[PDB]
Each structure stands twice: as C-alpha cells, then as structure tokens.
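To begin, one chain is listed below as structure tokens, in the form deposited in one PDB entry.
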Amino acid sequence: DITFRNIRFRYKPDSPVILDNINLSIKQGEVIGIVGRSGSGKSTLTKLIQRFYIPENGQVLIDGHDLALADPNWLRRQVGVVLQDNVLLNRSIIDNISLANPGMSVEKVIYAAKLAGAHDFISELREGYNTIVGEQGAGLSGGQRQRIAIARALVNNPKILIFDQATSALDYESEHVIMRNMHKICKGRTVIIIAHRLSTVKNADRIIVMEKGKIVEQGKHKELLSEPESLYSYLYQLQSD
C-alpha cells in the first residue's frame, strides 16, 4: 500500500502551494495512471514517495510505515523510477542497466532489455552490451537511451515502479511493444504511470486526473471517456483532430 494523508506541499518557504490536501490510497499491486495538464503536479506527487521533499502537512505512508521516520536505505529498495530524461553515465551499457547492483545476472539483464525492447538493437553494436557509451551517449539516440532507462528500472526489481512518461521519446511501435510487455512488467508489483500519451494508461486499473494540484477525477479509461464533461475526455478528444 501507498497512502497520502492530507498532504499539503510547496517547494520553498514563501512559494505557492503545489499540492493542496491530497488524499490517495494506492493499493498494493495496483496499476495507476496519473494524467493532467502540464504543471498540474503529477511528478511532484511522485517526488514525495521518494522523499526528496517532505510536506508541511499530512503524511506519506508505504505499507503502514511513515516515510518521515522510515529508514532511507529501506525506502530506496521500495521505489524504482524511470525519471524524466533520467541521465545516464559515461560507461558501458551493461553498467548503466546494472546500476542497481552489477556483478548480477548473466541473462536476466537481457530479459530486462527484451522487456524494454532494447535487446534487439543492442545486438548490432560493436561490443554488444559492453559497448562504451558517453555522457551524451557516444552511440545512443533519444529513444534508445530511454529504453536503457526502462531496462535499468526493471533490473532494480522494486516493489513500486514509477513510470515517469517513459515512452515520450519512442515511436508508436516501440511504445506498443512495451505496452504488450506491461503485464510482465507489472506482475506482482505496484506501478505508477505518468502519461501525456493517454494510450500508455488505457489498461491501468485506475486513472487519477490532476488539475492545479488537486485530484479532480478518477476511473478506468472507458469510464472517464464515457463522461463527456470530464476533463480526461476533453484531453483525449484533442489528440488527432
């Protein structure tokens, strides 16, 4: 379980309130999508699960434990994040993917790659997985980088997986390949999906809709879509005109 109890958050002392009174209970094993306008508070919400920031009011709880008194080491074993851009390092591919403990798993890093749809193009490279990449990937293209980051997050094997717009740099096919693998990706873990590409959330158990820091609507894709006055339906309406 993940719990937000009466959460109020602003980044700085004098600064404006970003999250005003958030109450959310992510059940264990739930696949939940978070959508909403740019600047609505989606990634800020997820920042508080990792405790980069602590709220001025209310509490965040993971499986009963209060995060403000939790062990920081323990917390980082719970949460795995495919971040925005999610900067890599100036070394080989295997060490990038194997950041969450290397010297670990011969053919299972490959499994993570296959799941991310990265194993395919990795084959053709000069030293394969031992291919040395740079700061701005001496080799890597945008969507190729991104799939490495998905491979990295999966290798973690976290109880909670934050999928922070992790198909933003991919073609519809690379995305479609990952979505077919989502069932394996999610199997026996809690998955939060931040999406502006609403098709990444079609099959989520629950879509939560954010506006100006508040959870305004919730429901399954079909249910939200069949309410013609919903903000979600209006957003889905706009793509492809």
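The term rigid core refers to the most C-alpha atoms you can superpose between the two forms while keeping them within 1.5 Å. Throughout, we count residues from 1 along the sequence that is shown.
Missing here is the form deposited in another entry; even so, the following discussion is about that form.
Just a single entry of 174, 40, 46, 190 exceeds or equals a 2 Å CA shift between the shown form and the other one, which is 174 (rigid core superposed). Relative to the superposed rigid core, residue 76 undergoes a CA displacement smaller than 2 Å between the shown form and the other one. Remark: with the core as the superposition reference, the CA shift of residue 126 between the shown form and the other one reaches 2 Å or more. Once the rigid core is overlaid between the shown form and the other one, residue 162 does not reach a Cα shift of 2 Å, moving by less than that. Between residue 84 and residue 18, the Cα spacing is larger in the other form than in the shown form, differing by no less than 3 Å.
Between this form and the other one, the CA-CA gap for residue 89 and residue 52 widens by 3 Å or more, being larger in the other form.
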